[PDB]
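Residue numbers (mature numbering (1 follows the signal peptide of the UniProt record, and there is no 0)): 38 to 72.
What follows is the structure, given as structure tokens:
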């Protein structure tokens, strides 16, 4: 459940989520995040 355009990414929880190409998906570096 992402909310962004493809080619913009942004800051999420404890990592950055690169908006996929469908405008509704994200990669998110995903390294760690206790809260």
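Each residue gets a CB set at the ideal place from its N, CA and C atoms; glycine is no exception.
Residues near residue i by beta carbon distance below 7 Å, same chain, minus five either side
{"i": "residue 66", "result": "52 and 53"}
Three-state secondary structure assigned by DSSP to residue i
{"i": "residue 45", "result": "coil"}
{"i": "residue 64", "result": "coil"}
{"i": "residue 51", "result": "coil"}
{"i": "residue 56", "result": "strand"}
Close-in-space but distant-in-sequence residues of the same chain around residue i (CB under 8 Å, 5 per side omitted)
{"i": "residue 63", "result": "39, 41, 46, 49, 54, 55, 56 and 57"}
Nonlocal neighbours in the same chain, by C-beta distance under 6 Å from residue i, ignoring five residues either side
{"i": "residue 70", "result": "50 and 51"}
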